[PDB]
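Next comes model-v3.cif, a file with mmCIF, C-alpha atoms and all ligand atoms.
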```cif
data_protein
#
loop_
_atom_site.label_atom_id
_atom_site.label_comp_id
_atom_site.auth_asym_id
_atom_site.auth_seq_id
_atom_site.Cartn_x
_atom_site.Cartn_y
_atom_site.Cartn_z
CA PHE A 1 0.00 0.00 0.00
CA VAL A 2 2.94 2.37 -0.64
CA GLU A 3 1.05 3.53 -3.75
CA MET A 4 -1.76 4.98 -1.64
CA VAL A 5 0.45 6.46 1.08
CA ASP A 6 0.57 10.30 1.15
CA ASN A 7 -2.42 10.50 -1.25
CA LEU A 8 -4.37 13.00 0.85
CA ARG A 9 -4.07 16.75 0.98
CA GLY A 10 -5.68 19.67 2.79
CA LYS A 11 -6.47 20.76 6.34
CA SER A 12 -9.23 20.27 8.94
CA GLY A 13 -10.96 23.63 8.40
CA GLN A 14 -11.59 22.99 4.70
CA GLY A 15 -11.41 19.18 4.51
CA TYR A 16 -8.94 16.64 3.12
CA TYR A 17 -9.21 15.64 -0.55
CA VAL A 18 -8.03 12.88 -2.87
CA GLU A 19 -7.28 13.02 -6.55
CA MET A 20 -9.75 11.06 -8.70
CA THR A 21 -10.53 10.87 -12.44
CA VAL A 22 -14.04 11.11 -13.79
CA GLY A 23 -15.19 9.90 -17.22
CA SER A 24 -13.62 9.02 -20.59
CA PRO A 25 -11.15 10.42 -21.40
CA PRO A 26 -10.10 10.78 -17.71
CA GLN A 27 -11.20 14.09 -16.25
CA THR A 28 -9.06 14.89 -13.14
CA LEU A 29 -10.69 16.28 -9.99
CA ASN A 30 -9.88 16.87 -6.28
CA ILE A 31 -12.51 15.27 -4.11
CA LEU A 32 -13.23 15.94 -0.43
CA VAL A 33 -13.17 12.75 1.67
CA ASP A 34 -16.40 12.59 3.71
CA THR A 35 -17.17 9.72 6.10
CA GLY A 36 -20.25 11.68 7.23
CA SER A 37 -22.21 11.46 3.95
CA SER A 38 -23.00 8.93 1.18
CA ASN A 39 -23.23 10.93 -2.03
CA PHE A 40 -20.53 11.08 -4.65
CA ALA A 41 -20.91 14.56 -6.14
CA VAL A 42 -18.87 16.97 -8.28
CA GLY A 43 -19.31 20.51 -9.62
CA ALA A 44 -20.63 20.34 -13.18
CA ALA A 45 -21.04 24.02 -14.03
CA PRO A 46 -18.86 27.16 -13.86
CA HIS A 47 -18.57 28.53 -10.32
CA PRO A 48 -16.82 31.53 -8.69
CA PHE A 49 -14.72 29.17 -6.53
CA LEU A 50 -14.01 26.38 -9.07
CA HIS A 51 -10.98 26.27 -11.36
CA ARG A 52 -12.27 23.14 -13.15
CA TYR A 53 -15.46 21.02 -13.17
CA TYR A 54 -17.21 17.93 -14.53
CA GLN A 55 -18.00 18.08 -18.21
CA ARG A 56 -20.44 15.31 -19.14
CA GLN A 57 -20.72 16.36 -22.83
CA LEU A 58 -16.95 15.64 -23.04
CA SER A 59 -17.20 12.20 -21.47
CA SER A 60 -18.04 9.36 -23.84
CA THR A 61 -18.82 6.92 -20.99
CA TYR A 62 -21.24 9.21 -19.15
CA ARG A 63 -24.82 7.96 -18.67
CA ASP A 64 -27.81 10.20 -17.85
CA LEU A 65 -30.19 8.84 -15.19
CA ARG A 66 -32.70 11.67 -15.79
CA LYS A 67 -33.26 12.32 -12.08
CA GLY A 68 -32.75 15.32 -9.79
CA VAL A 69 -30.88 15.17 -6.50
CA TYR A 70 -30.80 17.67 -3.65
CA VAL A 71 -28.50 17.05 -0.69
CA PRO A 72 -28.76 19.25 2.35
CA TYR A 73 -25.67 19.06 4.58
CA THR A 74 -25.77 20.47 8.13
CA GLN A 75 -24.41 23.71 6.70
CA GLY A 76 -24.41 23.85 2.90
CA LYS A 77 -26.59 22.37 0.17
CA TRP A 78 -26.41 21.48 -3.53
CA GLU A 79 -28.77 20.61 -6.37
CA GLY A 80 -27.58 18.25 -9.08
CA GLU A 81 -28.35 15.76 -11.82
CA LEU A 82 -28.03 11.99 -11.41
CA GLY A 83 -25.83 10.05 -13.80
CA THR A 84 -23.16 7.38 -13.78
CA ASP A 85 -19.66 7.36 -15.27
CA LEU A 86 -16.37 5.49 -15.11
CA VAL A 87 -14.30 6.67 -12.13
CA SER A 88 -10.71 5.91 -11.02
CA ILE A 89 -8.42 6.84 -8.13
CA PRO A 90 -4.92 7.66 -9.53
CA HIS A 91 -3.18 7.23 -6.16
CA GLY A 92 -5.44 4.40 -5.04
CA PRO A 93 -6.12 0.82 -6.10
CA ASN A 94 -5.47 0.25 -9.81
CA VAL A 95 -9.12 -0.23 -10.83
CA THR A 96 -11.95 1.54 -12.69
CA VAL A 97 -15.56 1.65 -11.54
CA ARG A 98 -18.86 2.80 -12.98
CA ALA A 99 -20.42 4.67 -10.07
CA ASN A 100 -23.25 7.12 -9.37
CA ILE A 101 -22.20 10.75 -9.82
CA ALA A 102 -24.26 13.77 -8.83
CA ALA A 103 -23.54 16.56 -11.32
CA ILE A 104 -23.85 19.72 -9.24
CA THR A 105 -25.68 22.49 -11.14
CA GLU A 106 -26.63 24.65 -8.16
CA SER A 107 -25.02 25.29 -4.76
CA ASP A 108 -25.21 27.46 -1.62
CA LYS A 109 -22.39 27.69 0.96
CA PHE A 110 -21.07 24.33 -0.27
CA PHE A 111 -17.93 25.20 -2.24
CA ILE A 112 -15.10 26.90 -0.39
CA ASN A 113 -12.83 29.53 -1.94
CA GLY A 114 -9.24 28.35 -2.50
CA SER A 115 -10.00 24.96 -0.94
CA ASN A 116 -8.71 23.21 -4.08
CA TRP A 117 -11.42 20.53 -4.10
CA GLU A 118 -14.26 20.52 -6.62
CA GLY A 119 -16.25 17.51 -5.30
CA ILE A 120 -17.23 15.30 -2.36
CA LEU A 121 -16.87 11.55 -1.82
CA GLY A 122 -19.56 10.27 0.50
CA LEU A 123 -17.90 7.31 2.17
CA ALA A 124 -20.88 6.41 4.42
CA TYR A 125 -23.71 3.92 3.81
CA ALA A 126 -26.67 3.88 1.40
CA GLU A 127 -29.20 4.57 4.11
CA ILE A 128 -28.31 8.29 4.14
CA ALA A 129 -27.69 8.72 0.42
CA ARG A 130 -30.03 11.09 -1.41
CA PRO A 131 -32.73 10.98 -2.72
CA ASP A 132 -33.12 7.54 -1.08
CA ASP A 133 -31.11 4.42 -0.24
CA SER A 134 -31.40 2.94 -3.74
CA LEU A 135 -28.55 5.20 -4.89
CA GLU A 136 -25.53 2.90 -4.45
CA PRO A 137 -22.68 4.88 -2.70
CA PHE A 138 -19.23 4.91 -4.26
CA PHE A 139 -17.38 2.56 -1.93
CA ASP A 140 -20.20 0.04 -2.39
CA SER A 141 -19.91 0.18 -6.19
CA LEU A 142 -16.15 -0.07 -5.74
CA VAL A 143 -16.31 -3.10 -3.48
CA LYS A 144 -18.99 -4.77 -5.65
CA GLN A 145 -17.15 -4.43 -9.00
CA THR A 146 -13.55 -5.09 -7.89
CA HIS A 147 -11.47 -7.40 -5.68
CA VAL A 148 -10.78 -4.60 -3.14
CA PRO A 149 -11.61 -5.67 0.48
CA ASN A 150 -14.54 -4.00 2.22
CA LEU A 151 -12.19 -1.83 4.23
CA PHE A 152 -10.63 1.63 4.12
CA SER A 153 -8.53 3.63 6.56
CA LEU A 154 -7.81 7.30 7.13
CA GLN A 155 -4.74 9.23 8.37
CA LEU A 156 -5.74 12.92 8.54
CA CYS A 157 -2.81 15.16 9.26
CA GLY A 158 -2.90 18.54 10.94
CA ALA A 159 0.14 20.77 10.56
CA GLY A 160 -0.15 22.48 13.94
CA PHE A 161 0.25 25.81 12.21
CA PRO A 162 -1.59 27.81 9.54
CA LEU A 163 -1.17 26.99 5.84
CA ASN A 164 -1.45 29.55 3.00
CA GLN A 165 -3.10 28.10 -0.14
CA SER A 166 0.19 27.29 -1.96
CA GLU A 167 1.42 25.37 1.10
CA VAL A 168 -1.72 23.25 1.45
CA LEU A 169 -0.97 22.66 -2.25
CA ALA A 170 2.60 21.48 -1.60
CA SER A 171 2.25 19.78 1.82
CA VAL A 172 1.25 16.15 2.45
CA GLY A 173 -2.16 16.08 4.14
CA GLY A 174 -2.19 12.41 5.08
CA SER A 175 -3.25 9.06 3.62
CA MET A 176 -6.33 7.17 2.47
CA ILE A 177 -5.64 3.46 2.33
CA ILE A 178 -8.41 1.88 0.24
CA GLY A 179 -8.59 -1.87 0.93
CA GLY A 180 -6.15 -2.17 3.82
CA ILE A 181 -4.29 -1.02 6.91
CA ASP A 182 -0.82 0.44 6.44
CA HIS A 183 1.37 -0.20 9.51
CA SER A 184 3.71 2.78 8.99
CA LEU A 185 0.81 5.20 9.55
CA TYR A 186 0.31 4.43 13.22
CA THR A 187 2.30 3.80 16.37
CA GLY A 188 1.04 1.46 19.11
CA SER A 189 -2.05 -0.77 19.18
CA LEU A 190 -5.26 -0.71 17.18
CA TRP A 191 -8.44 -0.60 19.22
CA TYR A 192 -11.79 -1.38 17.62
CA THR A 193 -15.28 -0.13 18.51
CA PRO A 194 -18.42 -1.62 16.89
CA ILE A 195 -20.47 0.29 14.31
CA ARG A 196 -23.87 0.49 15.99
CA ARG A 197 -25.84 0.73 12.75
CA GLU A 198 -24.81 1.02 9.12
CA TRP A 199 -26.16 4.41 8.10
CA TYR A 200 -23.59 6.89 9.30
CA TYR A 201 -20.47 5.49 10.91
CA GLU A 202 -22.23 5.38 14.27
CA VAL A 203 -20.37 4.48 17.45
CA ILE A 204 -21.13 4.66 21.21
CA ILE A 205 -19.30 6.88 23.74
CA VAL A 206 -19.43 5.37 27.25
CA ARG A 207 -17.61 7.99 29.35
CA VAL A 208 -15.91 11.37 29.03
CA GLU A 209 -12.90 12.73 30.93
CA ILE A 210 -11.39 16.21 31.06
CA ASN A 211 -7.87 15.79 32.47
CA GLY A 212 -8.98 12.40 33.85
CA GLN A 213 -11.92 13.93 35.68
CA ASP A 214 -15.30 12.39 34.85
CA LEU A 215 -17.87 14.73 33.27
CA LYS A 216 -20.10 12.29 35.14
CA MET A 217 -23.25 12.52 33.03
CA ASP A 218 -25.74 9.80 32.08
CA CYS A 219 -23.74 8.18 29.25
CA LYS A 220 -26.85 8.24 27.01
CA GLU A 221 -26.40 12.03 26.97
CA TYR A 222 -23.06 11.60 25.13
CA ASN A 223 -24.77 9.76 22.26
CA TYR A 224 -27.91 11.90 22.04
CA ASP A 225 -29.19 11.34 19.47
CA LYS A 226 -26.17 9.70 17.81
CA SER A 227 -22.39 9.76 17.70
CA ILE A 228 -20.70 9.55 14.32
CA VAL A 229 -17.15 9.62 13.00
CA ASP A 230 -17.26 12.39 10.40
CA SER A 231 -14.44 13.16 7.97
CA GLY A 232 -16.44 16.11 6.60
CA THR A 233 -16.85 18.00 9.84
CA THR A 234 -14.04 20.17 11.22
CA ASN A 235 -15.04 20.36 14.87
CA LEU A 236 -15.67 17.93 17.67
CA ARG A 237 -19.37 18.77 17.95
CA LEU A 238 -21.30 17.84 21.10
CA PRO A 239 -24.98 17.79 22.17
CA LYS A 240 -26.10 21.05 23.82
CA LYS A 241 -26.03 19.53 27.32
CA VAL A 242 -22.66 17.73 26.89
CA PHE A 243 -21.02 20.77 25.32
CA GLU A 244 -22.18 22.90 28.25
CA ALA A 245 -20.49 20.80 30.92
CA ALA A 246 -17.46 20.14 28.71
CA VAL A 247 -16.92 23.90 28.26
CA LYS A 248 -17.47 24.49 31.98
CA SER A 249 -14.86 21.84 32.96
CA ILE A 250 -12.41 23.06 30.29
CA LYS A 251 -12.74 26.71 31.41
CA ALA A 252 -12.06 25.52 34.97
CA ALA A 253 -8.78 23.77 34.11
CA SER A 254 -7.55 26.86 32.24
CA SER A 255 -8.23 29.52 34.93
CA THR A 256 -4.68 30.97 34.67
CA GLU A 257 -5.52 33.04 31.60
CA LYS A 258 -8.99 34.32 30.84
CA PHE A 259 -10.45 34.42 27.33
CA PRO A 260 -13.29 36.16 25.44
CA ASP A 261 -16.64 34.28 25.55
CA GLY A 262 -16.52 34.53 21.75
CA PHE A 263 -13.52 32.21 21.81
CA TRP A 264 -15.52 29.40 23.45
CA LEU A 265 -18.29 29.87 20.90
CA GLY A 266 -15.77 29.04 18.14
CA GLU A 267 -16.47 32.56 16.87
CA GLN A 268 -13.44 34.59 18.10
CA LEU A 269 -9.68 33.87 17.68
CA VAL A 270 -7.07 33.83 20.44
CA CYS A 271 -3.39 34.68 19.94
CA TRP A 272 -0.12 34.31 21.86
CA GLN A 273 3.40 35.49 20.98
CA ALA A 274 5.28 33.20 18.61
CA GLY A 275 6.01 29.88 20.39
CA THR A 276 4.20 31.12 23.53
CA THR A 277 1.02 29.02 23.34
CA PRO A 278 0.52 27.47 26.82
CA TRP A 279 -0.46 23.91 25.92
CA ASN A 280 0.18 22.68 29.48
CA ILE A 281 -2.48 25.00 30.91
CA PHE A 282 -5.16 23.38 28.69
CA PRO A 283 -6.68 19.99 29.59
CA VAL A 284 -6.50 16.64 27.83
CA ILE A 285 -9.79 15.07 26.66
CA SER A 286 -10.51 11.34 26.76
CA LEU A 287 -13.36 9.64 24.97
CA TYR A 288 -14.38 6.18 26.03
CA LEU A 289 -15.67 3.98 23.26
CA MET A 290 -17.59 0.73 23.63
CA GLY A 291 -15.27 -2.22 23.11
CA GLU A 292 -15.55 -5.42 21.08
CA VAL A 293 -15.62 -7.91 24.01
CA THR A 294 -18.60 -7.58 26.40
CA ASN A 295 -18.16 -4.92 29.13
CA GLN A 296 -14.71 -4.08 27.74
CA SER A 297 -14.01 -0.47 26.82
CA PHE A 298 -11.21 1.73 25.43
CA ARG A 299 -10.31 5.44 25.30
CA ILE A 300 -8.87 7.88 22.81
CA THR A 301 -7.12 10.95 24.24
CA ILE A 302 -6.74 14.25 22.47
CA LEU A 303 -4.54 17.22 23.33
CA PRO A 304 -5.24 20.96 22.95
CA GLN A 305 -3.09 20.62 19.79
CA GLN A 306 -6.14 18.83 18.35
CA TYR A 307 -9.06 20.86 19.68
CA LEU A 308 -7.36 24.24 19.24
CA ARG A 309 -7.40 24.72 15.46
CA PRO A 310 -4.57 26.89 14.06
CA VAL A 311 -5.50 29.87 11.85
CA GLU A 312 -3.38 32.63 10.28
CA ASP A 313 -2.78 35.94 12.02
CA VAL A 314 -4.72 38.55 10.02
CA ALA A 315 -2.39 41.07 11.68
CA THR A 316 1.06 41.48 10.16
CA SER A 317 2.64 40.05 13.39
CA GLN A 318 4.26 36.63 14.07
CA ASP A 319 1.61 35.60 16.67
CA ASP A 320 0.45 31.98 16.83
CA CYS A 321 -3.37 32.05 16.66
CA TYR A 322 -6.20 29.49 17.14
CA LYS A 323 -9.96 28.95 17.03
CA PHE A 324 -11.67 26.71 19.57
CA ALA A 325 -12.73 23.62 17.59
CA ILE A 326 -15.39 22.28 19.97
CA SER A 327 -18.90 23.48 19.21
CA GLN A 328 -22.60 23.00 20.08
CA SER A 329 -24.78 20.55 18.17
CA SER A 330 -28.46 19.56 18.28
CA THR A 331 -28.00 16.53 16.01
CA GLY A 332 -25.59 14.61 18.26
CA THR A 333 -21.86 14.05 18.58
CA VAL A 334 -19.67 14.50 15.50
CA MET A 335 -16.12 13.34 15.89
CA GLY A 336 -14.67 15.64 13.27
CA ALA A 337 -11.30 15.87 11.53
CA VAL A 338 -9.98 17.70 14.61
CA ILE A 339 -10.26 14.39 16.53
CA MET A 340 -9.47 12.16 13.58
CA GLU A 341 -6.16 14.03 13.17
CA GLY A 342 -5.00 12.48 16.44
CA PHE A 343 -5.36 8.93 15.19
CA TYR A 344 -5.22 6.44 12.38
CA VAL A 345 -8.87 5.51 11.98
CA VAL A 346 -9.72 2.14 10.40
CA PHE A 347 -13.14 1.81 8.78
CA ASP A 348 -13.49 -1.99 8.86
CA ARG A 349 -16.83 -2.11 7.06
CA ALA A 350 -16.33 -5.85 6.49
CA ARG A 351 -16.43 -6.44 10.25
CA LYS A 352 -18.88 -3.60 11.03
CA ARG A 353 -16.42 -1.81 13.37
CA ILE A 354 -14.13 1.22 13.62
CA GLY A 355 -10.44 1.02 14.61
CA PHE A 356 -8.33 3.64 16.37
CA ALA A 357 -4.55 3.92 16.83
CA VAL A 358 -2.18 6.81 17.63
CA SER A 359 -1.31 8.73 14.43
CA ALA A 360 2.33 8.96 13.38
CA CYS A 361 0.81 12.14 12.03
CA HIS A 362 -0.47 13.84 15.17
CA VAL A 363 0.74 17.12 16.66
CA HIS A 364 2.01 17.08 20.23
CA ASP A 365 4.62 18.62 22.52
CA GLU A 366 7.25 17.03 24.74
CA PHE A 367 5.19 16.53 27.81
CA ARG A 368 2.05 14.88 26.40
CA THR A 369 1.14 12.66 23.47
CA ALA A 370 -2.25 11.55 22.09
CA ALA A 371 -3.32 8.11 23.32
CA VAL A 372 -5.39 5.05 22.50
CA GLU A 373 -5.48 2.86 25.60
CA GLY A 374 -7.34 -0.04 27.27
CA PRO A 375 -9.14 -2.16 28.26
CA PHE A 376 -11.49 -0.68 30.88
CA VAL A 377 -13.81 -2.83 32.89
CA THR A 378 -15.56 -0.78 35.65
CA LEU A 379 -17.76 0.70 32.99
CA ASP A 380 -21.55 0.54 33.44
CA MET A 381 -22.09 0.36 29.72
CA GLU A 382 -25.10 -0.89 27.81
CA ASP A 383 -27.92 1.61 27.97
CA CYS A 384 -25.58 4.19 26.43
CA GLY A 385 -27.07 4.04 22.95
CA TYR A 386 -30.06 6.18 22.01
CA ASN A 387 -33.29 4.73 20.53
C1 LIG B 401 -14.83 19.40 5.61
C2 LIG B 401 -15.26 20.48 6.59
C3 LIG B 401 -16.08 21.58 5.92
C4 LIG B 401 -15.11 22.40 5.06
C5 LIG B 401 -16.86 22.47 6.90
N1 LIG B 401 -15.94 23.42 7.60
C6 LIG B 401 -16.34 24.31 8.71
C7 LIG B 401 -15.22 25.19 9.27
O1 LIG B 401 -17.64 24.37 9.27
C8 LIG B 401 -18.08 23.17 6.26
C9 LIG B 401 -19.30 22.26 6.46
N2 LIG B 401 -18.92 21.46 7.66
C10 LIG B 401 -19.90 20.63 8.45
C11 LIG B 401 -20.78 21.48 9.37
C12 LIG B 401 -20.01 22.47 10.21
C13 LIG B 401 -20.99 23.47 10.81
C14 LIG B 401 -22.13 22.97 11.68
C15 LIG B 401 -23.13 23.95 12.29
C16 LIG B 401 -22.97 25.44 12.03
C17 LIG B 401 -21.82 25.94 11.16
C18 LIG B 401 -20.82 24.96 10.55
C19 LIG B 401 -20.71 19.71 7.53
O2 LIG B 401 -22.12 19.78 7.42
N3 LIG B 401 -19.89 18.72 6.78
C20 LIG B 401 -20.51 17.74 5.83
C21 LIG B 401 -19.68 17.70 4.55
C22 LIG B 401 -19.50 19.07 3.91
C23 LIG B 401 -18.11 19.53 3.47
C24 LIG B 401 -17.92 20.90 2.84
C25 LIG B 401 -19.12 21.84 2.64
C26 LIG B 401 -20.51 21.39 3.08
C27 LIG B 401 -20.70 20.00 3.72
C28 LIG B 401 -20.76 16.38 6.50
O3 LIG B 401 -20.94 15.36 5.52
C29 LIG B 401 -22.01 16.46 7.37
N4 LIG B 401 -22.13 15.21 8.17
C30 LIG B 401 -23.42 15.23 8.94
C31 LIG B 401 -24.63 15.26 8.01
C32 LIG B 401 -25.75 16.27 8.25
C33 LIG B 401 -26.95 16.28 7.30
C34 LIG B 401 -27.03 15.30 6.12
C35 LIG B 401 -25.90 14.30 5.88
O4 LIG B 401 -25.94 13.37 4.79
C36 LIG B 401 -25.74 13.85 3.46
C37 LIG B 401 -24.71 14.29 6.83
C38 LIG B 401 -17.47 21.58 7.96
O5 LIG B 401 -16.72 20.96 9.00
#
```
What do you get writing this file as C-alpha cells?
Ligand SMILES: CC[C@H](C)[C@@]1(NC(C)=O)CCN([C@@H](CCc2ccccc2)C(=O)N[C@@H](Cc2ccccc2)[C@H](O)CNCc2cccc(OC)c2)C1=O
Amino acid sequence: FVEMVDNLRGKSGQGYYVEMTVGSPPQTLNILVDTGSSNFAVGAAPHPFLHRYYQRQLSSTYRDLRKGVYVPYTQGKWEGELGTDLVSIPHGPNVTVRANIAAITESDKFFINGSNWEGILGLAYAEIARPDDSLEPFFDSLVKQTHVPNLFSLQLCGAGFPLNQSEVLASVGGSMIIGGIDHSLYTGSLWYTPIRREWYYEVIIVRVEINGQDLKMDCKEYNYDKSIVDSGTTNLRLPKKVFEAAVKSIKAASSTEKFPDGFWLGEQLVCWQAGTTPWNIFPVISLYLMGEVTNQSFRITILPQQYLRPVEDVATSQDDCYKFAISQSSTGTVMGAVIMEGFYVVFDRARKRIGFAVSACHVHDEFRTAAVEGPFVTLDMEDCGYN
C-alpha cells in the first residue's frame, strides 16, 4: 500500500481531498473525503470558486439517469443531476468503476474559496444517500465491482500551524488506504469499537474525561441522538447539554488566563506570541468507546493541539493564533477531523467496526502525546445508545 500512502491533501478547516478521475477520457478532480455522507458529487457548471469542473458532454462513458438530486448538509446544500460514469483513483487501487455521480448544477455555501477541491466523496452507507437508499454509494460500487476488500482507513494530518493556499498545495495532508491497513501510519495498538448501525459510521461513547476527571453525566447524553465519525466536519461537535459541561470543565482547568466568551463559541480567535502558546495550561480530553468484548471499553485521548485549530494571524505580526474547535450541536456528537487528526482511523466495514490507533501524524509537545489505551472494565455500559 505504498502507492496509496501520502495520497491525501488539505487541512481540517476545509477538509482533506483525494485526486480522482471522472469519465472518458479521464477528467481529473480533487474530491473531499467525507465519512459523514454517502453521495458522490462533483461541480458540473462554472462557479466563482471552481478552477475546473465535470463536463459530461466531453465524457463518452457518461450515462444520464434523468433524475434530480438535492443534498442538504448540516451547513451547505447542492442541487444536481443523477448520472453514472467510469471513475478511477490515480493514487489508489489500480481499478476503474462505474459509479453514481451527482452533477452539481446549483449550490449554496457548499464550495469553499481556494479549498482546491471541486467535489465530495460520500464514504458512508446507502441509508443516508439522497434521494433515497437505492442510490448505491461509491465505496459500495467499488467493493462490488472489484477485488478490493470491504475496508478503508484514514490518516488525517494537521500541521499544527496555519497553511497559506500554496502550502496546502505542496504539503502532504495524510493518507487514504483503500482496501487495507498500512502499519507505517500508526504507532502502538489498534483498538476497535463496533459500528452500531450502518447508516452513518455510528459508534457509542461510554464515558468522558477532562484531564482524567469524569464529566459524570448519564452516558446516554453523550450519544444523544447519535455519535458519528465524520471526515467532513471540522469540529468535535457535542450535544447542547454535553457541550455545556465540557466547556465548563475546560474553562475551569484553564483559569490561569482568561479568554473572550466569543472564543468558546468558536467565533473569536485567540493569539499568543510566537512559540508562547501554553499547551500545558489546557486539559486533555478522553473519549471512552464501547469495546468489542462484552463490558470491555477503550479510550482515545486528544490534546489541545487537536481541539485548538490553528489559523493565520490577520495582523502582520508573528503571533500563533487558534480557534476553539469544539462546538454546540443539536444533532448529536460528530467526531470531526480535529479528533481524527490524532489517530489512524480504520473503517473496517467488512467487520462492522471502527479502529483507532495513535497517528504517526499527530501534533504534540514534549510533555504529552495523544493516546489510544485499554481495556477498561468498571464501565456501566449498555444503555448508552439512544433509541
Ligand atoms: C470538511 C469540513 C467543511 C469544510 C466544513 N468546515 C467548517 C469550518 O464548518 C463546512 C461544512 N462542515 C460541516 C458542518 C459544520 C458546521 C455545523 C453547524 C454550524 C456551522 C458549521 C458539515 O455539514 N460537513 C458535511 C460535509 C460538507 C463539506 C464541505 C461543505 C458542506 C458540507 C458532512 O458530511 C455532514 N455530516 C453530517 C450530516 C448532516 C446532514 C445530512 C448528511 O448526509 C448527506 C450528513 C465543515 O466541518
Could you list, as a ChimeraX atom specification, all residues that come within 8 Å of ligand LIG 401 (chain B)? Count only C-alpha atoms and all ligand atoms. /A:12-16,32-39,71-77,109-112,120,122,128-130,200,230-235,328-329,334,336-337
Within 7 Å of residue 99 in chain A, counting all atoms listed in the file, which residues show up once you throw out same-chain ones fewer than 5 positions away? Write them as an MDAnalysis selection string, please. chainID A and resid 84:87 138 141
Just the residues within 10 Å of residue 175 in chain A, please, counting only C-alpha atoms, with nothing from its chain fewer than 2 positions along; format it as JSON, numbers by chain. {"A": [4, 5, 6, 7, 8, 9, 16, 17, 18, 91, 153, 154, 155, 156, 157, 172, 173, 177, 178, 182, 185, 344, 361]}
How many Å lie between CA of residue 350 in chain A and CA of residue 378 in chain A, rounded to one decimal?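 Taking CA of residue 350 in chain A as the start and CA of residue 378 in chain A as the end point, the length is 29.6 Å.
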Rank nothing, just name the residue among A:280, A:194, A:380, A:274 nearest to residue 216 in chain A, using all atoms listed in the file.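 Comparing A:280, A:194, A:380, A:274 against residue 216 in chain A, the winner is A:380.
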Could you tell me how far CA of residue 282 in chain A lies from CA of residue 249 in chain A, in Å and to one decimal? 10.7 Å
Taking (-6.6, 22.3, 36.2) in the file's own coordinates, collect the residues within 10 Å, counting all atoms listed in the file, and hand them back as a ChimeraX atom specification. /A:210-211,213,249-256,280-283
Show which residues sit within 6 Å of range 304-310 of chain A, as number ranges by chain. Count only C-alpha atoms, and ignore same-chain residues fewer than 4 positions away. A: 161-162, 321-325, 338
How about saving the chosen residues, C-alpha atoms kept, as a CSV table (one decimal), keeping the file's coordinate frame?
```csv
chain,number,residue,atom,x,y,z
A,161,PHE,CA,0.2,25.8,12.2
A,162,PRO,CA,-1.6,27.8,9.5
A,321,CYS,CA,-3.4,32.0,16.7
A,322,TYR,CA,-6.2,29.5,17.1
A,323,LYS,CA,-10.0,29.0,17.0
A,324,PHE,CA,-11.7,26.7,19.6
A,325,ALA,CA,-12.7,23.6,17.6
A,338,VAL,CA,-10.0,17.7,14.6
```
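Here CA of residue 286 in chain A and CA of residue 208 in chain A stand 5.9 Å from one another.
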Among the residues A:203, A:271, A:124, A:228, the one that comes closest to residue 318 in chain A [using all atoms listed in the file]: A:271
Given 8 Å of margin on each side, can you work out the centre and size in Å (one decimal) of an axis-aligned box holding every listed atom of range 43-62 of chain A, as AutoDock Vina command-line options?
```
--center_x -16.1 --center_y 19.2 --center_z -15.2 --size_x 26.3 --size_y 40.6 --size_z 33.3
```
From the options A:300, A:320, A:376, A:59, which residue's atoms come nearest to residue 339 in chain A, counting all atoms listed in the file?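 The shortest atom-to-atom distance to residue 339 in chain A comes from A:300.
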Considering only C-alpha atoms, state which residue in the set A:165, A:94, A:27, A:100 is at the smallest distance from residue 113 in chain A.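 The shortest atom-to-atom distance to residue 113 in chain A comes from A:165.
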Could you write range 80-88 of chain A as an mmCIF file, in the coordinates of the input, with N, CA, C and O atoms rebuilt where they are missing?
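selection_23.cif, written as the output of this step:
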```cif
data_model
loop_
_atom_site.group_PDB
_atom_site.id
_atom_site.type_symbol
_atom_site.label_atom_id
_atom_site.label_comp_id
_atom_site.auth_asym_id
_atom_site.auth_seq_id
_atom_site.Cartn_x
_atom_site.Cartn_y
_atom_site.Cartn_z
ATOM 1 N N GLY A 80 -28.320 18.887 -8.002
ATOM 2 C CA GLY A 80 -27.580 18.250 -9.080
ATOM 3 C C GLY A 80 -28.412 17.335 -9.957
ATOM 4 O O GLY A 80 -29.633 17.214 -9.790
ATOM 5 N N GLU A 81 -27.731 16.691 -10.899
ATOM 6 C CA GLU A 81 -28.350 15.760 -11.820
ATOM 7 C C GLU A 81 -27.675 14.401 -11.717
ATOM 8 O O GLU A 81 -26.447 14.295 -11.797
ATOM 9 N N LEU A 82 -28.491 13.370 -11.525
ATOM 10 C CA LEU A 82 -28.030 11.990 -11.410
ATOM 11 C C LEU A 82 -27.529 11.427 -12.734
ATOM 12 O O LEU A 82 -28.132 11.631 -13.784
ATOM 13 N N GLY A 83 -26.434 10.688 -12.652
ATOM 14 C CA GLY A 83 -25.830 10.050 -13.800
ATOM 15 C C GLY A 83 -24.732 9.145 -13.293
ATOM 16 O O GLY A 83 -24.279 9.304 -12.165
ATOM 17 N N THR A 84 -24.331 8.174 -14.102
ATOM 18 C CA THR A 84 -23.160 7.380 -13.780
ATOM 19 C C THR A 84 -22.006 7.750 -14.706
ATOM 20 O O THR A 84 -22.190 8.503 -15.667
ATOM 21 N N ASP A 85 -20.814 7.256 -14.384
ATOM 22 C CA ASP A 85 -19.660 7.360 -15.270
ATOM 23 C C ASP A 85 -18.544 6.491 -14.724
ATOM 24 O O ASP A 85 -18.603 6.055 -13.572
ATOM 25 N N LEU A 86 -17.538 6.230 -15.553
ATOM 26 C CA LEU A 86 -16.370 5.490 -15.110
ATOM 27 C C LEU A 86 -15.460 6.386 -14.271
ATOM 28 O O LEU A 86 -15.097 7.486 -14.695
ATOM 29 N N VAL A 87 -15.105 5.904 -13.084
ATOM 30 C CA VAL A 87 -14.300 6.670 -12.130
ATOM 31 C C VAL A 87 -13.089 5.864 -11.627
ATOM 32 O O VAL A 87 -13.212 4.686 -11.280
ATOM 33 N N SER A 88 -11.917 6.505 -11.610
ATOM 34 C CA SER A 88 -10.710 5.910 -11.020
ATOM 35 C C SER A 88 -10.055 6.780 -9.956
ATOM 36 O O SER A 88 -10.311 7.985 -9.877
#
```
